[PDB]
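Everything in the sequence shown is counted per PDB author numbering, starting at 16 for the first residue and increasing by one.
So the structure is just underneath, and the comments pick up after that.
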Amino acid sequence: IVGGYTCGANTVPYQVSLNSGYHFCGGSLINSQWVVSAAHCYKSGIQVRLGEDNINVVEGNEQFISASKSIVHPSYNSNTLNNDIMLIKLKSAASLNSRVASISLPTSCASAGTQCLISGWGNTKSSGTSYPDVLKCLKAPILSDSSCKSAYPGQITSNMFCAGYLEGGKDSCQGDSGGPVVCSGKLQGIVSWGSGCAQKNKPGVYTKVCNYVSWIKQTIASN
Ligand SMILES: [Ca+2]
Numbered sequence: 016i017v018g019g020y021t022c023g024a025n026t027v028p029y030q031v032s033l034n035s036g037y038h039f040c041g042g043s044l045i046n047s048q049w050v051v052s053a054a055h056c057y058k059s060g061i062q063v064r065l066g067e068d069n070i071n072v073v074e075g076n077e078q079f080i081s082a083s084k085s086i087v088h089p090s091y092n093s094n095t096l097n098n099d100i101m102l103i104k105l106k107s108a109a110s111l112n113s114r115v116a117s118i119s120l121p122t123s124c125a126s127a128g129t130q131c132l133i134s135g136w137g138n139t140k141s142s143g144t145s146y147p148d149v150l151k152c153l154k155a156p157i158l159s160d161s162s163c164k165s166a167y168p169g170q171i172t173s174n175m176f177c178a179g180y181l182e183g184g185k186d187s188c189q190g191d192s193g194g195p196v197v198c199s200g201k202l203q204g205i206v207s208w209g210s211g212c213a214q215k216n217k218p219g220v221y222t223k224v225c226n227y228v229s230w231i232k233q234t235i236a237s238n
């Protein structure tokens, strides 16, 4: 997260870290046994880390659970990142509390102008690299579809939306991928891609979770 603020330990209880020896992506706990992330985050040997603030320090509220199954969306295209969404089942159900909580899926697609919260452990710089240990948070509006397609000619699909600021300075970034975009208490997006980070006229592009609710629900019900 570039240009954000420190969230506070466990203030974002649905945020998760995907770990394969090291943090490489974020995710969202949507029930006690399932996590949503970005398909381009796929790899084998994932351990899901719930309850994290400093991902380099055991602080007391962590739950470390291995994945038993990863399900990339059937129509994921790694060239275009269309349908950048993946489901992860935990080997064991998490223990849900104040600090480890699921986030609800949407009944409705959120509209442009809605303010949302983005979070993750990604790069905090637009030029160069400095990765934080504690969770970073960004409030940002969904941008209209027209602005989004204007900034990214020929690249936005019905399954993506832009959020952020055309002026630059505030954005998600590398290492935030897979993480949550929450609007009015609902998971509306997944950190997916962008042209650099926090550049002007290059806002962040997010998977549009409101299109995948039925796939998520019938996938969870059969696995
Ligand atoms: Ca920790």
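All C-beta atoms, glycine included, are put in the ideal place defined by N, C-alpha and C.
Which residues in the same chain have their Cβ closer than 8 Å to the Cβ of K185, if we skip the five residues on either side of it in sequence? Here the question's residue 185 lines up with position 170 in the sequence shown. For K185, where only same-chain residues beyond five positions count, the Cβ hits under 8 Å are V17, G18, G19, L153, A155, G179 and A213.
Rounded to whole angstroms, what's the CA-CA distance from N71 to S210? Just pull it up for me. Locating residue 71 in the sequence shown gives position 56, where the first residue counts as 1. Locating residue 210 in the sequence shown gives position 195, where the first residue counts as 1. Computed Cα separation, rounded: 28 Å.
In whole angstroms, what separates the C-alpha of residue 264 from that of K223? Since the displayed the chain opens at 16 and closes at 238, residue 264 lies outside it and no answer follows.
Can you confirm whether the stretch 57-73 touches the stretch 23-34 when touching is taken to mean that 3 or more C-beta pairs between the two stretches lie within less than 8 Å? The stretch 23-34 makes contact with the stretch 57-73: 3 or more CB pairs, one atom from each, lie closer than 8 Å.
In whole angstroms, what is the alpha-carbon distance linking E67 and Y146? Reading the sequence shown from its first residue, position 52 is the one you call residue 67. Reading the sequence shown from its first residue, position 131 is the one you call residue 146. Taking the straight line joining both Cα atoms gives about 15 Å.
With DSSP as the reference, please indicate the residues paired to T129 in a beta bridge. Residue numbering aside, residue 129 sits at position 114 when the sequence shown is read from its first letter. For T129, which the question treats as bridged, DSSP gives no partner whatsoever.
Determine whether the beta carbon atoms of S192 and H55 lie at a separation below 8 Å. Counting from one through the sequence shown, the residue named residue 192 turns up at place 177. Counting from one through the sequence shown, the residue named residue 55 turns up at place 40. Going by beta carbons, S192 and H55 fall inside the 8 Å limit.
Nearer than 7 Å: is that true of the beta carbon of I70 relative to any heavy atom of ligand 1? Position 55 of the sequence shown, counting from 1, holds the residue named residue 70. Checking every heavy atom of ligand 1 against the Cβ of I70, one is found closer than 7 Å.
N138: which of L44, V149, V220 and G128 sits nearest, CA to CA? Residue numbering aside, residue 138 sits at position 123 when the sequence shown is read from its first letter. For the set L44, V149, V220 and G128, the Cα lying nearest the Cα of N138 is the one of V149.
The stretch 160-176 in contact with the stretch 102-120 per 3-pair CB rule at 8 Å: Short answer: they don't touch.
From the DSSP output, in three-state form, read off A54 for me. As a first step, residue 54 is located in the sequence shown; it is residue number 39 there, counting from the start. Three-state result, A54: helix.
Cβ neighbour criterion (16 or more within 10 Å) applied to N98: Counted from its first residue, the sequence shown places residue 98 at position 83. When all chains shown are included, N98 counts as buried.
Flag this pair as yes or no: are the beta carbons of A82 and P28 separated by less than 8 Å? As a working note, residue 82 is residue 67 in the sequence shown. As a working note, residue 28 is residue 13 in the sequence shown. No, they are not a contact pair.
So, helix, strand or coil for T139, using DSSP? Here residue 139 corresponds to residue number 124 of the sequence shown, with the count starting at 1. Of the three classes helix, strand and coil, the one that applies to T139 here is coil, per DSSP.
Does DSSP put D160 in a helix, a strand or coil? As a working mapping, residue 160 is identified with position 145 in the sequence shown. Here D160 sits in helix by DSSP.
Could you tell me whether the Cβ atoms of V196 and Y167 are closer together than 8 Å? Within the sequence shown, the letter at position 181 stands for residue 196. Within the sequence shown, the letter at position 152 stands for residue 167. Going by C-beta atoms, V196 is not nearer than 8 Å to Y167.
Looking at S43: is its Cβ nearer than 8 Å to the Cβ of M101? Residue mapping note: residue 43 aligns to position 28 of the sequence shown, counting from 1. Residue mapping note: residue 101 aligns to position 86 of the sequence shown, counting from 1. With respect to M101, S43 sits apart: the two C-beta atoms are not nearer than 8 Å.
State yes or no: is the C-beta of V27 nearer than 7 Å to some heavy atom of ligand 1? Locating residue 27 in the sequence shown gives position 12, where the first residue counts as 1. No, since every heavy atom of ligand 1 falls outside the 7 Å radius drawn around the Cβ of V27.
Label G128 either buried or exposed according to how many other C-beta atoms from any shown protein chain fall within 10 Å of its C-beta, with 16 as the threshold for buried. For the purposes of this step, residue 128 is taken as the residue at position 113 of the sequence shown. Exposed: under 16 other Cβ atoms inside 10 Å.
Let me confirm a value: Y37 is counted as buried when at least 16 other C-beta atoms fall within 10 Å, else exposed. Which label applies? For the purposes of this step, residue 37 is taken as residue 22 along the sequence shown, with counting starting at 1. Answer is exposed; the Cβ neighbour count stays below 16.
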